[PDB]
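[1] I would like the atomic coordinates for the input below:
(one chain, ligands or ions: 1)
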Amino acid sequence: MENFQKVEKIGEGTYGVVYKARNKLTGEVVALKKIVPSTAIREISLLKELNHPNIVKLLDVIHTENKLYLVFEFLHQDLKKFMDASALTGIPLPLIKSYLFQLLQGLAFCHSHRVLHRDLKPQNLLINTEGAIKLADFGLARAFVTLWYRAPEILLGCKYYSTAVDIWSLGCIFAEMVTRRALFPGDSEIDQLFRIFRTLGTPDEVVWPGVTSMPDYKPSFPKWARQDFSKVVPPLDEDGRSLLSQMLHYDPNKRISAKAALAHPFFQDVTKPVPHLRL
Ligand SMILES: O=C(Cc1ccc(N2CCCCC2)cc1)Nc1n[nH]c2ccc(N3CCCS3(=O)=O)cc12
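    Numbers count the residues shown, from 1 in each chain. There you are, the coordinates:
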């Protein structure tokens, strides 16, 4: 741990502070997350094995007196900062498609290994000058503030939710890159749920079998009609809107999986363009 030279504070992470640091020994530049229950220890040691080009590599795990340090590979920018930077112009479709395709490959890999992210958002999707995008903070939820990307089943109190929650979050992120505005900017759990309801329609037994039996479901929920989908992400083409609606299906079991999503016609002409970053 004294092998590290804090270069600067990247930002307030979800589990602690994250610093950009230099390994005094190897000289390598990394991201330091200053986060303990032995259960967490075995859980994150398992994440060390979860290696994929679209998953931010966890280089090491350092435990020392209640202090838990996670060393990750460092990327210079996150998707949230990139979106704001191209908010006036907009991220070209080719790049949006490339990014969505890569994240899906990443999710497909994690999910095949029964690992869920559970809290996907623009701030934990990291990019580099090479046109690569990666998932950061994967598996950390299982081990141990925004509700905008939270799947409805979680909001309705489902305690044993599946890999579909990541597909839903990614669907919200996909829509956000296209429109340049968060899809469902909830500022409370009920406001988050109702914003979803107002756009996709209040779910019922017809479209989501068993929904009315969910823990926090209330028969008193207002009944909103589903809105035309062409008003949600204009001017995305039909392939895109088709893929998005399948990523946002209410019923977690009907929601398209990452693997299947990779076969959707929308990615028929997928390429790997590079973004222009001002580091
Ligand atoms: O963030 C970044 C980009 C970045 C780089 C510099 C600043 N700076 C530096 C100081 C000057 C202002 C801009 C702010 C953000 N890179 C990461 N590489 N590896 C990571 C591992 C975890 C995290 N996380 C941080 C919190 C959530 S997380 O996914 O665990 C980030 C990176």
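
[2] Contact partners for the closest residue to the ligand within the stretch 151-279 of the chain?
    Residue nearest to the ligand within the stretch 151-279 of the chain: residue 279 (8.2 Å; C-beta to the nearest ligand atom). From N, CA and C alone the C-beta is placed, and that goes for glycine too. Neighbouring residues of residue 279 by C-beta atoms under 8 Å, 6 or more residues apart in numbering: 76-77, 129.

[3] would you turn those residues into a markdown table with distance to residue 215, neighbour count and secondary structure?
    Shown next, in a markdown table, are the contacts of residue 279 (distance: C-beta to C-beta, whole Å; neighbours: other C-beta atoms under 10 Å; DSSP: H, G, I helix; E, B strand; the rest coil):
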| residue | distance to residue 215 | neighbour count | secondary structure |
| --- | --- | --- | --- |
| 76 | 42 | 13 | coil |
| 77 | 39 | 16 | strand |
| 129 | 45 | 13 | coil |
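
[4] the strands in the stretch 1-150 of the chain, which residues?
    Secondary structure of the stretch 1-150 of the chain (DSSP state E, counting those that start in this stretch): strands at 4-12, 17-23, 29-34, 58-64, 67-73, 77-78, 125-127, 133-135.

[5] Need those strands in a markdown table (columns: distance to the ligand).
    Output for these, formatted as a markdown table (distance: least, C-beta to the nearest ligand atom, whole Å):
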| stretch | distance to the ligand |
| --- | --- |
| strand 4-12 | 4 |
| strand 17-23 | 4 |
| strand 29-34 | 3 |
| strand 58-64 | 9 |
| strand 67-73 | 4 |
| strand 77-78 | 5 |
| strand 125-127 | 5 |
| strand 133-135 | 8 |
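
[6] re earlier: against residue 128, how distant is the residue of the stretch 151-279 of the chain closest to the ligand?
    10 Å (C-beta to C-beta, to the nearest Å).

[7] Over to residue 166?
    Remark: distance between residue 166 and residue 128 (C-beta to C-beta) = 22 Å.

[8] And these two? Which one has more around it.
    The residue with more neighbours, out of residue 166 and residue 128, is residue 166; 29 against 17, by other C-beta atoms under 10 Å.

[9] so the more buried one touches residue 109, yeah?
    No - at 11.6 Å, residue 166 does not count as touching residue 109 under the criterion of C-beta atoms under 8 Å.

[10] Next, show the common contact partners of residue 279 and residue 128.
    Each of 76-77 lies in contact with both residue 279 and residue 128 under the rule C-beta under 8 Å, 6+ apart.

[11] The ligand contacts on the stretch 1-150 of the chain?
    Proximity of the stretch 1-150 of the chain to the ligand, by C-beta under 6 Å from any ligand atom, involves residues 8, 10-11, 13-14, 18, 20, 31, 33, 56, 72-78, 124, 126, 136-137.

[12] Just the buried ones from the residues you listed?
    The neighbour-count test (16 or more other C-beta atoms under 10 Å) applied to those identifies 10, 13-14, 18, 20, 31, 33, 56, 72-75, 77-78, 124, 126, 136-137 as buried.

[13] quick one: secondary structure of residue 168?
    helix (DSSP: H, G, I helix; E, B strand; the rest coil).

[14] what's the burial count for it?
    Residue 168 has 24 neighbours, counted by other C-beta under 10 Å.

[15] what does residue 239 give?
    Residue 239: 15 surrounding residues under other C-beta under 10 Å.

[16] Pull out the buried positions in the host helix or strand of it.
    Using DSSP states H and E, residue 239 maps to helix 238-247. When burial is assessed from 16+ other C-beta under 10 Å, helix 238-247 yields the following buried residues: 240-241, 243-244, 246-247.

[17] Determine the next helix or strand in the C-terminal direction from that helix.
    Remark: after helix 238-247, the chain's next helix or strand is helix 258-261, criterion DSSP H and E.

[18] Please put the alpha-carbon coordinates of the longest helix belonging to the chain into CSV.
    For the chain, the helix with the greatest residue count under DSSP state H is helix 93-112. What follows is helix 93-112, C-alpha atoms only, in CSV (Å, rounded to 0.1, in the frame of the first residue of the first chain):
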residue,chain,number,x,y,z
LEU,A,93,-24.9,6.8,-34.1
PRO,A,94,-21.9,4.7,-35.3
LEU,A,95,-20.2,5.3,-31.9
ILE,A,96,-23.4,4.9,-29.9
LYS,A,97,-23.9,1.5,-31.6
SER,A,98,-20.3,0.5,-31.0
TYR,A,99,-20.5,1.3,-27.3
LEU,A,100,-23.8,-0.5,-26.9
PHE,A,101,-22.4,-3.5,-28.7
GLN,A,102,-19.3,-3.6,-26.4
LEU,A,103,-21.2,-3.3,-23.2
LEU,A,104,-23.5,-6.1,-24.3
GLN,A,105,-20.5,-8.3,-24.9
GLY,A,106,-19.3,-7.4,-21.4
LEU,A,107,-22.6,-8.2,-19.8
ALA,A,108,-22.9,-11.4,-21.8
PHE,A,109,-19.6,-12.5,-20.4
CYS,A,110,-20.5,-11.6,-16.7
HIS,A,111,-24.0,-13.1,-17.0
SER,A,112,-22.7,-16.3,-18.5
